[PDB]
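Take a look at the letters that make up each chain.
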Amino acid sequence: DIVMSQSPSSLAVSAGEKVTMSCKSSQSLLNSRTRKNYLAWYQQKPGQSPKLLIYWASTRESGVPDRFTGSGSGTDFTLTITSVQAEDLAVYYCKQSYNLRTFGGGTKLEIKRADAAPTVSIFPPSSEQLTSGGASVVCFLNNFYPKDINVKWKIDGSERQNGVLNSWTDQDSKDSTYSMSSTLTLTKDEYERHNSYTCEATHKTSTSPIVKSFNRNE
Amino acid sequence: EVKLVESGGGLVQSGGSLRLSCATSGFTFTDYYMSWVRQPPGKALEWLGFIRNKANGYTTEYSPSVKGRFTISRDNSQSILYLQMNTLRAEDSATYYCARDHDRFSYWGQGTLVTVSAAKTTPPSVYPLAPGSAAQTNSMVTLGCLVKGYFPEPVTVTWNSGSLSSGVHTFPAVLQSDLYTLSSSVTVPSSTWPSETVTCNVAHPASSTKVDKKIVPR
C-alpha cells in the first residue's frame, strides 16, 4: 500500500502571504503510459465535504482560483497558495490514485490576525437543570486570538479540575477569531453547599486573568 | 447538475451490520468508478474502496482496513451505489462519503453519519443560560443554551429561527460519560432583551425532537 506523508501538520499566516505545503509518497506516482503524476489536492472546510482543487499534480479543477498551484513529480509534491485569503481556512489533503487511493494526513491552514482579548461571561445552573438533580456552571470566552487560552474554575476560592468540559470553535470565517465554552458540572448537592463560583481566563493579551463570578448569597 | 445523496447512516451496536446508499443523478452512472471514503470526527480522510465502471466490468477494490468486511455494489438501472458494512466496531464511527471517481470533474455527497456504540438514542436536555439575578448590565448582553445528555450526534441550534445569526457561536459537542453535550451563545444589544423574545431552537433528528427554549430573565 502506498504511504502518503504531508508536512507540516499545521501552519498559520496572515492574509496576502504565501504558503507552501509538502506531500511525499512512498513510491513514484508517475504513470508510464499517460506520463501523468496521479496526485491530487483537496480542500476541506469545517462542516463540509472535501473539494477537489488540483489533479494530475498540477491541473487546476474548473473554477478554482489561480492562486492555488500544484507542482512536483515522482515522490515529492507541493501545493502553493499565493495571496492567502481568510476563506482559504481549511484542511488540505493530498491523495494518490496511482495504485488504489490513499490520503495524506492533512495540513491545517490557520489565518493570522491581530491579538484580541476574550469577552467572558458566566452563567449559573438553570432552575430546570436543578430539578433534574444536576448543576452545570457555564463560562463563554468569545472572539479572541490567538487560540491558546487557559480557563480555571474556583469554588469558594478553591480550584476545581474534575467535571470541567471545554470546547473550542473553528477559527471564525468572518473575523478570524476563536471562541470557547467551559462547563463545570457538579451534583446539585455539591452546588448547594458552596456560594461563590469563579471562571478565570488567562490569555496573552493580559498578564491579569479575566475573571467572572457569581455568589449565591447575592 | 450532478448530485450524490448518501443515506442509511445511523446508530448501530458493536458487531452490527449496516448498508449505506448513495443515490446519483445528472450523469451517466455506468461511465464512472465510484469511491467510498470516511472521516471519523476530527480525524483524517480514509479511502475505503471503489467499484469500477462498465468498461471495467464493475470490479471492486478495498483498502486493507475493510477488505473482506465491507462490500461495495451498485444498481446500474437506478444509478445507486451501496456499501455493505459488517461486524462493525467503534473505530468505524465516522462520516461516510461517496465520490464519483473514473480514471476529474469532482463530485462528493454530503456524507452520512455512522455511529457504533452501546449507548442508546437519547434526546437532549435543553437549559436556558440567562445572567444571574444579581448581574449588572452594559450595552451588549450574552445569552446561551446548554444542550446536554443527547445521543447520537448531530444536534442543530438556531436563534430566533436564524434571524440572530451574526452574534451566534455554537460550540462543537463533546462526549462525556457516553452522552454528548454542547452549548451555544448569542450576543444581542441590551436594549433588545428582555424587551424582545430570544429563543434557541434545538433539533435532534435521531430522537425526532425539536425544542424551542425561550430565554427569560432571572
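Criteria and thresholds
- Residues numbered from 1 in each chain as written, not as in the entry; some residues may be left out.
- Chains lettered and ligands numbered in written order.
- Heavy atoms only, no water.
- Residues with missing side-chain atoms left out of burial classes, pairs and counts.
- Disulfide = S-S within 2.5 Å.
- Helix = DSSP H or I, 4+ residues; strand = E, 2+ residues; numbered from the N terminus.
- Buried < 20%, exposed > 50% of the residue type's maximum accessible area, 1.4 Å probe, protein only.
- Salt bridge = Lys/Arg side-chain N within 4 Å of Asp/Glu carboxyl O.
- Contact = heavy atoms within 4.5 Å.
- Pairing = 2+ DSSP bridges.
- Axes fitted to C-alpha atoms, helices over the stretch in contact; angles between N-to-C directions.
- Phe/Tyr/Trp six-rings, centres within 6.5 Å; stacked < 30°, edge-to-face > 60°.

What the deposited record gives as its method is X-ray crystallography, and the resolution it gives is 2.0000 Å.

K.L.:
Looking at this structure, how should I read the state of the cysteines?
P.N.:
Chemically, a disulfide is nothing more than a covalent bond linking the sulfur atoms of two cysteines. Under the criterion given, the structure shown has four disulfides over all chains. Disulfide pairing places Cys23(A) opposite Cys94(A) at an S-S distance of 2.1 Å. Looking along the S-S bond of the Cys23(A)-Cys94(A) disulfide, the torsion reads about 75°, which is the right-handed sense. Of this pair, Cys23(A) sits in strand β3 (residues 19-25) while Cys94(A) sits in strand β9 (residues 90-96), placing them 71 residues apart in sequence. Under the relative-accessibility criterion, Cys23(A) is labelled buried at 0%. Overall, the relative accessible area of 0% leaves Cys94(A) in the buried class. Disulfide pairing is shown between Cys22(B) and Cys98(B); the S-S distance is 2.1 Å. Classification of the bridge connecting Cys22(B) and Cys98(B) rests on its S-S torsion, roughly 70°, and on that basis the disulfide is right-handed. With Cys22(B) in strand β3 (residues 18-25) and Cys98(B) in strand β9 (residues 94-100), this pair connects stretches of sequence that are 76 residues apart.

K.L.:
Honestly, the pattern of salt bridges in this entry has me stumped. Any pointers?
P.N.:
Note on pairing: side chains with opposite charge can pair once their charged atoms come close. Residues and elements named next belong to chain A. Across all of its chains, the model carries twelve salt bridges over all chains by this definition. The salt bridge partner of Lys24 is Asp76, with a shortest N-O separation of 3.5 Å. Taken together, the residues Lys24 in strand β3 and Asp76 in strand β8 (residues 76-81) connect sequence positions 52 residues apart. For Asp76, a relative accessible area of 38% gives the class partly exposed.

K.L.:
Quick question: what am I supposed to make of the interface of chain A and chain B here?
P.N.:
Frequently, the measure chosen for interface size is the accessible area that the parts lose on association. Of the residues lining the interface, 40 residues belong to chain A; the matching set on chain B comes to 45 residues. Of all the secondary structure elements, the ones that give two or more residues to the side of chain A that touches chain B are β4 (39-44), β5 (51-55), β12 (119-123), α1 (127-131), β13 (134-144), β16 (164-168) and β17 (178-187) of chain A. Counting residues per element, the side of chain A that touches chain B draws most heavily on β13(A), which supplies five residues.

K.L.:
Would you mind showing me how to read the sheet that holds β3(A) here?
P.N.:
What links the strands of a sheet is backbone hydrogen bonding, and the strands pair in either a parallel or an antiparallel sense. Residues and elements named next belong to chain A. Strands sit in the order β1-β3-β8-β7 across an open sheet of four strands; the sheet is antiparallel. A strand with exactly one partner marks an edge of an open sheet, and here the two such strands are β1 (4-7) and β7 (68-73). Neighbour-to-neighbour, the strand axes of this sheet turn through a mean angle of 20°, independent of strand direction. Of the strand pairs in this sheet, β7 and β8 are connected by six bridges, and their pairing is antiparallel. When the bridges of β8 are listed, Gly70 appears paired with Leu79.

K.L.:
Explanation requested: the sheet that holds strand β8 (residues 80-85) of chain B in the structure shown.
P.N.:
Residues and elements named next belong to chain B. Taken together, the four strands give an open sheet; going across it, the order is β1-β3-β8-β7, and neighbouring strands pair in antiparallel fashion. Edge positions in the sheet fall to β1 (3-7) and β7 (70-75), since each has one partner strand and no second. Sheet twist, expressed as the average angle between the axes of neighbouring strands with direction ignored, equals 15°.

K.L.:
Help me understand the environment of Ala118(B), please; the structure alone is not making it clear to me.
P.N.:
Along the polypeptide, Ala118(B) turns up in the loop between β10 (112-116) and β11 (125-129). When its relative accessible area of 71% is taken as the criterion, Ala118(B) is described as exposed.

K.L.:
For this particular structure, what's the right way to read the pairing of strand β14 (residues 150-155) of chain A?
P.N.:
The side chains of a regular strand alternate between the sheet's two faces. All names here are of chain A. Residues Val151, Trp153 and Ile155 line the buried face of β14, whereas the alternating positions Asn150, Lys152 and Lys154 sit on a face that is not buried. Two strands pair when backbone bridges link them, and β14 and strand β18 (residues 196-203) are joined in this way by six bridges, in the antiparallel orientation. Its bridge partner being in β18, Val151 is matched across the sheet by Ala201. Pairing between β14 and strand β15 (residues 158-160): three bridges, direction antiparallel. Within the sheet, the bridge partner assigned to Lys154 lies in β15 and is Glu159. Hairpin remark: β14 followed by β15, antiparallel, with two residues in the connecting loop; positive phi at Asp156, about 45°.

K.L.:
Help me out: how do you make sense of the environment of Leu141(A) in this one?
P.N.:
All names here are of chain A. Within the element layout of this structure, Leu141 appears in strand β13. The exposure class of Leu141 is buried, given its relative accessible area of 0%. Discounting chain neighbours no more than four positions away, the residues touching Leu141 are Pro118, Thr119, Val120, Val151, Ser179, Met180 and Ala201.

K.L.:
Could you clarify how one ought to interpret the packing of aromatic side chains in this entry?
P.N.:
Aromatic rings in a pair are described by how distant their centres are and how their planes are angled relative to each other. Tallying each qualifying case throughout the model produces 17 aromatic pairs over all chains. Their ring planes at 65° and their centres at 6.5 Å tell us that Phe103(A) and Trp108(B) sit as a pair that is edge-to-face. Pair noted here: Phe103(A) is in strand β10 (residues 102-103) and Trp108(B) is in the loop between β9 and β10, and the two residues belong to different chains. Grouping residues by exposure puts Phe103(A) and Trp108(B) together as buried. Through a chain of ring-to-ring contacts, three or more aromatic side chains come together here, namely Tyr42(A), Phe103(A), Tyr97(B) and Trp108(B).

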